[PDB]
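J.: Okay, handing you the structure first.
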Amino acid sequence: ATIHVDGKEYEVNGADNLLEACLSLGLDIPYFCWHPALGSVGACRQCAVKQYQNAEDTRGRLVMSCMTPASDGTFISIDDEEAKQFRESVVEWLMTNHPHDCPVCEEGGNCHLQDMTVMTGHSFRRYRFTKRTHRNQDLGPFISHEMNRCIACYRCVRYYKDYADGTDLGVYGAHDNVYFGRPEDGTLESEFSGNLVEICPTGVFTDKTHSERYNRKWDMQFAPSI
Amino acid sequence: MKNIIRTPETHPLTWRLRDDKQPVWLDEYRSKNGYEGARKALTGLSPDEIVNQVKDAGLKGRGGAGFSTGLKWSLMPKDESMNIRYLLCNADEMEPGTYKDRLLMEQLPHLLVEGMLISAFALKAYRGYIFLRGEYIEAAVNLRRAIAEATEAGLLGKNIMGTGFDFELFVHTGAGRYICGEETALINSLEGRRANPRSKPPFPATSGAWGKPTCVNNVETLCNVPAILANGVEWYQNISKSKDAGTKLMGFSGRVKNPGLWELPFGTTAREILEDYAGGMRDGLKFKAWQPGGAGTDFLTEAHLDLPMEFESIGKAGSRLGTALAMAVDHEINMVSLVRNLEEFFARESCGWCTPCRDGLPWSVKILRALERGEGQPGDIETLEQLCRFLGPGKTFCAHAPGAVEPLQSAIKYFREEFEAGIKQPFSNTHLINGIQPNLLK
Amino acid sequence: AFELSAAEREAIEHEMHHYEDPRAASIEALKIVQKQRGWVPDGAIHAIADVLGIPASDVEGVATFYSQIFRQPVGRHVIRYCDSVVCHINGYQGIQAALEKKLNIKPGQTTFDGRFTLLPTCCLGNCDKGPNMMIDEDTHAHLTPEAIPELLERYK
Amino acid sequence: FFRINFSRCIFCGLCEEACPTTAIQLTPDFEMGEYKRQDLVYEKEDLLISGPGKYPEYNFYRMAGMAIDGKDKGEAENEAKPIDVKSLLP
Ligand SMILES: NC(=O)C1=CN([C@@H]2O[C@H](COP(=O)(O)OP(=O)(O)OC[C@H]3O[C@@H](n4cnc5c(N)ncnc54)[C@H](O)[C@@H]3O)[C@@H](O)[C@H]2O)C=CC1
Ligand SMILES: Cc1cc2nc3c(=O)[nH]c(=O)nc-3n(C[C@H](O)[C@H](O)[C@H](O)COP(=O)(O)O)c2cc1C
Ligand code: SF4
Ligand code: SF4
Ligand code: SF4
Ligand code: SF4
Ligand code: FES
Ligand code: FES
């Protein structure tokens with residue numbers, strides 16, 4: 001398939017969506033709810049690009065790149081001003097309720113929400129009202145829970161339930177009080193619950209074992225091991 | 001206007017209503033030409049012929065969007081290996097300002113049952129569900145009684161009228177969310193899930209309830225069906241000289257002399273509805289605004305009152321026809337308080353799925369509360385306008401948020417002076433930190 | 001602590017017969033438990049999950065999604081006054097003030113004797129007869145603030 | 001622990017600028033001469049003074065959503081109280 005991103009011609013797989021095709025080409029599109037292993041649902045509304053009907057089109061339309069097939073002869077723009085403004089607005093809406101927690105958050109320096117906040121260029125708060133808050137649950141010895149930092153990207157439930165077939169994690173509540181956790185306190189029973197700490201783009205689910213002796217990702221000495 | 005004559009030729013939906021506001025049961029319904037269209041459909045017409053008949057009649061969606069019903073029915077798959085088809089009646093009707101389906105189901109339940117029967121035969125739908133809101137208690141009682149009477153009379157169940165067609169009709173009462181009326185979220189709630197909507201394509205006609213072909217239609221569309229099949233296509237096309245065929249339940253509500261509901265042809269102007277049928281505004285009240293089609297439509301002014309109640313004319317004026325149940329706003333109503341109430345409803349009826357609705361409708365609510373208390377700050381109106389622009393069609397997962405920002409758009413467009421009167425404080429979201437000199441932005 | 005009564009179990013299974021998938025009876029199972037006991041307690045989530053064969057997380061998500069499934073104890077009668085825009089024009093605020101001054105509770109609260117719980121609901125689909133109220137199953141229209149102290153005293 | 005190698009430090013102030021709680025502060029004192037270079041490694045007992053320094057009132061924990069003793073959820077600045085998901089209100 002042939003796509004044109006910002007007037008530049010690329011050859012992609014027509015069976016892919018535009019978000020994964022553009023990330024594979026090295027382009028940067030911010031995203032939260034999409035994951036390579038979980039598929040596309042179009043929840044967070046972060047990955048908006050501007051699609052044009054043809055090359056001789058100037059108005060365009062904001063589409064979700066994760067929900068749009070990268071079909072032959074596609075014309076999109078990532079660096080469109082209206083698309084950039086919308087993506088910054090989505091980060092702003094997630095930032096309205098987000099707690100002032102980065103120094104005391106185990107995800108700092110390793111946080112996808114931080115990265116997409118910076119990538120959209122949002123650094124000025126004009127929201128002046130209150131932030132919603134949440135009580136935390138006890139999820140057992142491995143996973144620490146901080147529901148304040150949630151952006152309701154639904155990655156956790158989609159992984160834990162539709163991928164790993166776990167039964168004891170879900171989404172509760174409604175409009176802007178949507179809660180992600182267990183129905184009550186207790187150990188998460190999935191044998192693969194630990195992948196939440198990398199699936200969750202924020203610091204809601206964090207490695208409690210690491211949190212005991214915490215250090216930031218830049219301070220870590222890594223090696224490839226088995 | 002008290003002198004309303006409801007002939008069956010001009011009033012297909014309401015001519016058999018009773019004066020004592022009592023429901024019409026099976027004996028009285030069949031006495032007044034009941035299940036004749038169902039008999040003609042099931043005994044003398046193919047399902048494809050009924051689909052094409054509804055398509056040629058021009059029956060558009062009475063739920064608000066006005067999509068063609070024959071086009072929606074024709075989009076079911078032609079594969080004969082799929083025969084687990086479902087017909088769903090969207091009896092939710094949760095939009096503020098909408099009360100037409102309540103009247104239709106409470107007083108004429110067999111009209112809905114017959115329309116579901118004809119539509120289920122046309123769609124080859126083996127099962128049918130009436131997704132009814134949980135607050136319509138009397139509608140639930142009347143619909144269940146009408147279904148029991150039609151089952152005992154052989155109009156429902158197995159081998160209906162000797163044709164071999166099997167149709168089972170259930171009534172599923174809801175548990176109170178406004179998003180449950182959105183058709184894909186309706187399907188999700190029918191399956192016992194949280195009522196999040198679904199991305200289309202695939203449309204429910206190909207993959208709907210439990211992955212089967214499913215057709216969701218409003219109560220009023222299915223109630224339009226039996227008159228179409230009992231009187232013909234030409235009759236349905238020869239009662240209004242407008243591009244929207246047939247009759248529509250229209251009505252004015254809110255501080256008018258006679259708030260109510262009347263069956264009127266398309267192309268009837270809003271002014272004649274408001275004056276002749278609603279009686280005009282009440283004593284000592286001045287008409288200042290109106291919403292044509294419920295809480296999710298744009299406000300219109302007095303100059304727009306001469307518009308015919310059609311999809312195209314109201315759409316060309318910067319609004320939409322919606323449910324065609326207009327709400328009148330008098331001069332004693334402050335627009336900032338009204339829009340604050342509207343946005344409070346829309347923000348707490350968010351389903352929580354997608355970010356802009358879930359997290360920007362509460363921001364509009366808080367800005368409107370500040371403007372209502374007189375604590376507005378500069379940049380609030382611009383923030384509201386940006387929220388209106390960025391919650392439009394396509395930016396959010398479903399259509400709840402564009403409908404939410406339509407009244408805010410129109411109220412800022414027309415009655416901007418109230419919104420600017422809300423702004424009384426200087427802008428601030430920072431307090432002073434003692435040892436740090438602030439960056440004084442220009 | 002919680003055990004489903006026999007009639008509740010038969011009603012839930014009869015509702016399960018109506019659907020291709022047993023998960024589709026979750027809302028009606030919650031409403032059956034709520035009709036029998038006023039609200040859905042904590043053990044009812046696991047009991048309904050066991051009957052339906054779906055996870056308790058799914059049942060809790062459904063119960064907390066829908067506004068009319070009560071996951072906290074309510075009073076003997078639930079007053080549900082309309083909050084939406086036509087009743088705002090018709091003056092629901094006077095009705096809410098009258099209800100608050102009679103019951104001495106805020107919306108979302110229950111009286112100290114457990115008789116009434118006051119709740120704002122969305123539009124009751126009765127906008128031409130507003131303002132509107134719903135006590136437990138009865139819809140009261142054409143409300144005036146002076147008719148509240150007579151309407152409330154016929155719900156013992 | 002908190003240690004600073006003052007034999008290495010160039011007194012540039014980048015740490016104080018980087019501190020999001022105003023905990024670390026460079027102060028008007030310059031008499032830090034030493035006999036042994038090992039004594040220029042200052043542990044936490046050599047750095048933690050008994051007052052607020054140059055920023056007299058900032059409390060980062062009054063801003064953070066994360067709960068500690070004396071501040072539960074909803075008690076930080078500009079924070080609403082936590083609405084329980086089982087609340088009766090719509
Ligand atoms: N209580 C009520 O009656 C309420 C009504 N509404 C109405 O909802 C409307 C918007 O709702 P939507 O569901 O977004 O309407 P829509 O315009 O997306 O489509 C309406 C119907 O047409 C079908 N459809 C549309 N395009 C199709 C296509 N290309 N192929 C196949 N089927 C297609 C949909 O499946 C649906 O059944 C508004 O106009 C508003 O008036 C909104 C809120 C409450
Ligand atoms: C948020 C939202 C709520 C809706 N609520 C209803 C409703 O309560 N009743 C209804 O008939 N349609 C409702 N609709 C419109 C439906 O999606 C759908 O268009 C309609 O129910 C069936 O189409 P029809 O008009 O052809 O019958 C709603 C749409 C949205 C976006
Ligand atoms: S989740 Fe990310 S953005 Fe939120 S407090 Fe933690 S590090 Fe900061
Ligand atoms: S808890 Fe994490 S993974 Fe789940 S919705 Fe919130 S941010 Fe996404
Ligand atoms: S716009 Fe988004 S969050 Fe709002 S009701 Fe629709 S899908 Fe749910
Ligand atoms: S950052 Fe601080 S500790 Fe490091 S050299 Fe600069 S002043 Fe010294
Ligand atoms: S990544 Fe596409 S909408 Fe979330
Ligand atoms: S607005 Fe109150 S009944 Fe509709």
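Within each chain, counting starts at residue 1; across the structure tokens, chains are named A, B, ... in the order shown, with ligands numbered 1 upward in that order.
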With a distance cut-off of 12 Å and only C-alpha atoms, select the neighbouring residues of residue 137 (chain A), excluding the residue or stretch itself and same-chain residues fewer than 5 positions from it, and output the selection as a list in words.
T.: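 Contacts, with the query itself left out: residues 143, 144, 145, 146, 147, 148, 169, 179, 180, 181, 182, 183, 184, 185, 186, 187, 188, 204 and 205 of chain A.
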J.: Using only C-alpha atoms, please write the residues we just selected to a file, as a tab-separated table (two decimals), in the first residue's frame.
T.:
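File written: part.tsv
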chain	number	residue	atom	x	y	z
A	143	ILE	CA	1.49	-4.84	42.51
A	144	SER	CA	1.00	-1.45	44.11
A	145	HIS	CA	-2.18	0.48	43.25
A	146	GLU	CA	-2.54	4.25	42.74
A	147	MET	CA	-5.85	5.01	41.04
A	148	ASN	CA	-5.25	8.78	41.12
A	169	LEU	CA	-9.74	-7.08	37.46
A	179	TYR	CA	-12.30	2.92	38.45
A	180	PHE	CA	-9.84	0.21	37.42
A	181	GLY	CA	-9.17	-2.51	39.96
A	182	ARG	CA	-10.43	-5.56	41.76
A	183	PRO	CA	-14.00	-5.73	43.12
A	184	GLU	CA	-12.45	-5.79	46.61
A	185	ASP	CA	-9.02	-5.88	48.23
A	186	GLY	CA	-7.01	-9.04	47.72
A	187	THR	CA	-4.23	-10.62	45.74
A	188	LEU	CA	-4.50	-10.46	41.96
A	204	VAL	CA	-1.30	3.17	38.81
A	205	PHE	CA	0.07	-0.36	38.74
J.: If you count only C-alpha atoms and all ligand atoms, which residues end up within 9 Å of ligand 1, as a PyMOL selection string?
T.: chain B and resi 61-69+71-73+75+90-99+101+178-179+181-184+200-205+215-218+293-297+320-324+398-400+403
J.: I need the contact residues of chain B against chain C, so if you could list those with any atom within 8 Å, counting only C-alpha atoms, and return them as a PyMOL selection string, that would help.
T.: chain B and resi 93-99+102+135+137+170+173-177+189-195+210+252-255+259-260+295+327+329+333+338+341-342+345
J.: What residues have any atom no more than 9 Å from ligand 6 when counting only C-alpha atoms and all ligand atoms, and can you list them as a ChimeraX atom specification?
T.: /D:4-6,8-18,24-26
J.: Write a file of the just-selected residues containing C-alpha atoms, as a PDB file, in the first residue's frame.
T.:
ATOM      1  CA  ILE D   4      27.306  14.740  48.566  1.00  0.00           C
ATOM      2  CA  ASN D   5      30.944  14.615  47.447  1.00  0.00           C
ATOM      3  CA  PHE D   6      31.971  18.203  48.161  1.00  0.00           C
ATOM      4  CA  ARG D   8      33.758  17.113  43.518  1.00  0.00           C
ATOM      5  CA  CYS D   9      30.941  19.657  43.749  1.00  0.00           C
ATOM      6  CA  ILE D  10      31.318  22.812  41.677  1.00  0.00           C
ATOM      7  CA  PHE D  11      28.543  24.716  43.543  1.00  0.00           C
ATOM      8  CA  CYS D  12      26.617  25.318  40.334  1.00  0.00           C
ATOM      9  CA  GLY D  13      23.139  25.162  41.849  1.00  0.00           C
ATOM     10  CA  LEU D  14      21.688  22.806  39.232  1.00  0.00           C
ATOM     11  CA  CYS D  15      20.436  20.445  41.952  1.00  0.00           C
ATOM     12  CA  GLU D  16      18.573  23.178  43.841  1.00  0.00           C
ATOM     13  CA  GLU D  17      17.064  24.297  40.543  1.00  0.00           C
ATOM     14  CA  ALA D  18      16.117  20.678  39.833  1.00  0.00           C
ATOM     15  CA  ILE D  24      18.159  20.864  48.565  1.00  0.00           C
ATOM     16  CA  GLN D  25      19.408  24.431  48.823  1.00  0.00           C
ATOM     17  CA  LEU D  26      22.701  26.240  48.347  1.00  0.00           C
TER      18      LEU D  26
END
J.: Using only C-alpha atoms and all ligand atoms, which residues of the polymer chains come no farther than 10 Å from ligand 5? I'd like the answer as an MDAnalysis selection string.
T.: (chainID A and resid 42:45 174:176) or (chainID B and resid 178:180 182 185 195:199 346:361 391:404)
J.: Can I get the residues of chain A within 6 Å of chain D, each with the closest pair of atoms and their distance in Å to one decimal, using only C-alpha atoms, sorted chain first then ascending number, as a tab-separated table?
T.:
residue	atom	partner	partner_atom	distance
A:99	CA	D:65	CA	5.0
A:100	CA	D:64	CA	4.7
A:101	CA	D:64	CA	5.1
A:130	CA	D:78	CA	4.6
A:131	CA	D:79	CA	4.7
A:132	CA	D:80	CA	5.2
A:133	CA	D:82	CA	4.6
A:134	CA	D:82	CA	4.9
A:173	CA	D:85	CA	5.2
J.: Give as a ChimeraX atom specification the residues surrounding ligand 3 up to a distance of 9 Å, considering only C-alpha atoms and all ligand atoms.
T.: /A:95,98-115,117,146,148-151,201-204 /D:64-65
J.: Let me see the file: selected residues, N, CA, C and O atoms, as a compact mmCIF listing (two decimals), in the first residue's frame.
T.:
# COMPACT_ATOMS: atom_id res chain seq x y z
N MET A 95 -4.50 15.79 31.89
CA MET A 95 -3.76 16.47 32.93
C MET A 95 -4.64 17.21 33.92
O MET A 95 -4.15 17.56 35.00
N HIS A 98 -4.92 14.84 36.87
CA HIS A 98 -3.75 14.04 37.21
C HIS A 98 -3.07 14.57 38.47
O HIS A 98 -2.83 15.78 38.57
N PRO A 99 -2.71 13.71 39.42
CA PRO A 99 -2.13 14.20 40.68
C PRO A 99 -0.71 14.71 40.51
O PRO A 99 0.04 14.26 39.65
N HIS A 100 -0.34 15.63 41.40
CA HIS A 100 0.99 16.24 41.42
C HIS A 100 1.98 15.27 42.08
O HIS A 100 2.49 15.50 43.18
N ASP A 101 2.25 14.17 41.38
CA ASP A 101 2.82 13.01 42.03
C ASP A 101 4.16 12.54 41.49
O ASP A 101 4.76 11.67 42.12
N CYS A 102 4.66 13.12 40.39
CA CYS A 102 5.85 12.62 39.71
C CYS A 102 7.08 12.37 40.59
O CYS A 102 7.74 11.34 40.38
N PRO A 103 7.45 13.23 41.56
CA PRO A 103 8.59 12.88 42.43
C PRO A 103 8.39 11.64 43.29
O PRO A 103 9.37 10.94 43.57
N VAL A 104 7.17 11.35 43.72
CA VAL A 104 6.95 10.25 44.65
C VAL A 104 6.21 9.13 43.92
O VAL A 104 5.44 8.38 44.52
N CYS A 105 6.44 9.03 42.63
CA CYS A 105 5.78 8.06 41.77
C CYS A 105 6.84 7.15 41.17
O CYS A 105 7.82 7.63 40.61
N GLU A 106 6.63 5.84 41.29
CA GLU A 106 7.61 4.88 40.83
C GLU A 106 7.75 4.85 39.32
O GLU A 106 8.70 4.26 38.81
N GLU A 107 6.84 5.48 38.60
CA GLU A 107 6.89 5.51 37.15
C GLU A 107 7.72 6.65 36.59
O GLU A 107 7.95 6.68 35.39
N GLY A 108 8.18 7.58 37.42
CA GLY A 108 8.88 8.76 36.94
C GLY A 108 10.17 8.47 36.20
O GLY A 108 11.01 7.71 36.69
N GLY A 109 10.34 9.06 35.02
CA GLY A 109 11.45 8.74 34.16
C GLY A 109 11.27 7.48 33.35
O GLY A 109 12.13 7.17 32.53
N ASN A 110 10.18 6.77 33.57
CA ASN A 110 9.84 5.51 32.92
C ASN A 110 8.36 5.52 32.57
O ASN A 110 7.76 4.45 32.41
N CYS A 111 7.76 6.70 32.48
CA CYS A 111 6.32 6.89 32.40
C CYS A 111 5.95 7.31 31.00
O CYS A 111 6.53 8.25 30.46
N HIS A 112 4.98 6.61 30.41
CA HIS A 112 4.56 6.96 29.07
C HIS A 112 3.71 8.22 29.05
O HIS A 112 3.73 8.96 28.07
N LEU A 113 2.98 8.48 30.13
CA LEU A 113 2.18 9.71 30.20
C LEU A 113 3.07 10.94 30.24
O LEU A 113 2.75 11.95 29.61
N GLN A 114 4.20 10.86 30.95
CA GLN A 114 5.17 11.95 30.94
C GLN A 114 5.69 12.21 29.53
O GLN A 114 5.78 13.36 29.08
N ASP A 115 6.02 11.13 28.82
CA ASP A 115 6.57 11.23 27.47
C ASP A 115 5.58 11.86 26.51
O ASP A 115 5.95 12.73 25.72
N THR A 117 3.00 13.75 27.34
CA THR A 117 2.81 15.14 27.74
C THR A 117 3.87 16.03 27.11
O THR A 117 3.55 17.07 26.52
N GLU A 146 -2.35 2.81 42.55
CA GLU A 146 -2.54 4.25 42.74
C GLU A 146 -3.53 4.75 41.69
O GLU A 146 -3.14 5.22 40.63
N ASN A 148 -5.28 7.36 41.44
CA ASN A 148 -5.25 8.78 41.12
C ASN A 148 -4.58 9.04 39.79
O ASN A 148 -5.01 9.91 39.03
N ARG A 149 -3.53 8.29 39.49
CA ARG A 149 -2.72 8.51 38.31
C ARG A 149 -3.33 7.91 37.05
O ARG A 149 -2.68 7.94 36.00
N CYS A 150 -4.54 7.38 37.12
CA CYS A 150 -5.15 6.73 35.98
C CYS A 150 -5.59 7.74 34.94
O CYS A 150 -6.06 8.83 35.27
N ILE A 151 -5.45 7.37 33.67
CA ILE A 151 -5.94 8.18 32.57
C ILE A 151 -7.08 7.49 31.84
O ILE A 151 -7.51 7.98 30.79
N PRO A 201 0.28 2.68 31.24
CA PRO A 201 1.17 3.77 30.81
C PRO A 201 1.49 4.76 31.91
O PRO A 201 2.33 5.64 31.71
N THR A 202 0.83 4.67 33.06
CA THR A 202 1.00 5.57 34.18
C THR A 202 1.46 4.77 35.39
O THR A 202 1.80 3.59 35.30
N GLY A 203 1.48 5.44 36.54
CA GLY A 203 1.96 4.84 37.76
C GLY A 203 0.88 4.23 38.63
O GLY A 203 1.08 4.11 39.84
N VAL A 204 -0.26 3.85 38.04
CA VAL A 204 -1.30 3.17 38.81
C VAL A 204 -0.80 1.84 39.31
O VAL A 204 -0.69 1.61 40.52
N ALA D 64 0.93 16.91 46.62
CA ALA D 64 0.93 15.57 46.07
C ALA D 64 -0.38 14.86 46.37
O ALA D 64 -0.93 14.98 47.47
N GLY D 65 -0.88 14.11 45.39
CA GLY D 65 -2.07 13.30 45.61
C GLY D 65 -1.83 12.07 46.45
O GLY D 65 -2.78 11.53 47.02
J.: What does the list of residues within 7 Å of ligand 7 look like if you count only C-alpha atoms and all ligand atoms, written as a PDB file with N, CA and C atoms, in the first residue's frame?
T.:
ATOM      1  N   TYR A  31       0.059   8.227  21.701  1.00  0.00           N
ATOM      2  CA  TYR A  31      -0.998   7.236  21.849  1.00  0.00           C
ATOM      3  C   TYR A  31      -1.006   6.722  23.279  1.00  0.00           C
ATOM      4  N   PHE A  32      -2.188   6.343  23.758  1.00  0.00           N
ATOM      5  CA  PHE A  32      -2.305   5.679  25.050  1.00  0.00           C
ATOM      6  C   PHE A  32      -2.995   4.326  24.987  1.00  0.00           C
ATOM      7  N   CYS A  33      -4.198   4.251  24.421  1.00  0.00           N
ATOM      8  CA  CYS A  33      -5.001   3.044  24.552  1.00  0.00           C
ATOM      9  C   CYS A  33      -4.543   1.919  23.635  1.00  0.00           C
ATOM     10  N   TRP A  34      -3.877   2.236  22.533  1.00  0.00           N
ATOM     11  CA  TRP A  34      -3.364   1.222  21.626  1.00  0.00           C
ATOM     12  C   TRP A  34      -2.136   0.542  22.208  1.00  0.00           C
ATOM     13  N   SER A  40      -6.476  -2.381  18.543  1.00  0.00           N
ATOM     14  CA  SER A  40      -6.928  -0.996  18.564  1.00  0.00           C
ATOM     15  C   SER A  40      -8.372  -0.919  19.030  1.00  0.00           C
ATOM     16  N   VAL A  41      -8.655   0.010  19.938  1.00  0.00           N
ATOM     17  CA  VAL A  41     -10.021   0.224  20.396  1.00  0.00           C
ATOM     18  C   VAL A  41     -10.503   1.655  20.216  1.00  0.00           C
ATOM     19  N   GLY A  42      -9.619   2.622  20.004  1.00  0.00           N
ATOM     20  CA  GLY A  42     -10.035   4.004  19.857  1.00  0.00           C
ATOM     21  C   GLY A  42     -10.573   4.673  21.104  1.00  0.00           C
ATOM     22  N   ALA A  43      -9.961   4.429  22.260  1.00  0.00           N
ATOM     23  CA  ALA A  43     -10.466   4.982  23.511  1.00  0.00           C
ATOM     24  C   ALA A  43      -9.868   6.349  23.831  1.00  0.00           C
ATOM     25  N   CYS A  44      -8.546   6.429  23.996  1.00  0.00           N
ATOM     26  CA  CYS A  44      -7.919   7.619  24.565  1.00  0.00           C
ATOM     27  C   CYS A  44      -8.023   8.849  23.673  1.00  0.00           C
ATOM     28  N   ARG A  45      -8.298   8.663  22.385  1.00  0.00           N
ATOM     29  CA  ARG A  45      -8.435   9.729  21.389  1.00  0.00           C
ATOM     30  C   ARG A  45      -7.169  10.568  21.252  1.00  0.00           C
ATOM     31  N   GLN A  46      -6.012   9.987  21.543  1.00  0.00           N
ATOM     32  CA  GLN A  46      -4.758  10.723  21.491  1.00  0.00           C
ATOM     33  C   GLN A  46      -4.112  10.689  20.116  1.00  0.00           C
ATOM     34  N   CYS A  47      -4.324   9.626  19.344  1.00  0.00           N
ATOM     35  CA  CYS A  47      -3.542   9.356  18.145  1.00  0.00           C
ATOM     36  C   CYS A  47      -4.115  10.007  16.895  1.00  0.00           C
ATOM     37  N   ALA A  48      -4.778  11.149  17.037  1.00  0.00           N
ATOM     38  CA  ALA A  48      -5.467  11.769  15.916  1.00  0.00           C
ATOM     39  C   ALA A  48      -4.489  12.320  14.890  1.00  0.00           C
ATOM     40  N   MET A  64      -8.718   8.834  13.745  1.00  0.00           N
ATOM     41  CA  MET A  64      -7.887   8.137  14.704  1.00  0.00           C
ATOM     42  C   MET A  64      -6.985   7.194  13.928  1.00  0.00           C
ATOM     43  N   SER A  65      -5.674   7.357  14.086  1.00  0.00           N
ATOM     44  CA  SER A  65      -4.741   6.588  13.276  1.00  0.00           C
ATOM     45  C   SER A  65      -4.729   5.119  13.668  1.00  0.00           C
ATOM     46  N   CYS A  66      -5.042   4.804  14.922  1.00  0.00           N
ATOM     47  CA  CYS A  66      -5.092   3.409  15.331  1.00  0.00           C
ATOM     48  C   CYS A  66      -6.334   2.702  14.814  1.00  0.00           C
ATOM     49  N   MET A  67      -7.399   3.438  14.512  1.00  0.00           N
ATOM     50  CA  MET A  67      -8.636   2.877  13.991  1.00  0.00           C
ATOM     51  C   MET A  67      -8.788   3.070  12.493  1.00  0.00           C
TER      52      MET A  67
END
J.: Tell me the residues of chain D close to chain B, meaning within 10 Å using only C-alpha atoms, as a ChimeraX atom specification.
T.: /D:22,53-58,78,89-90
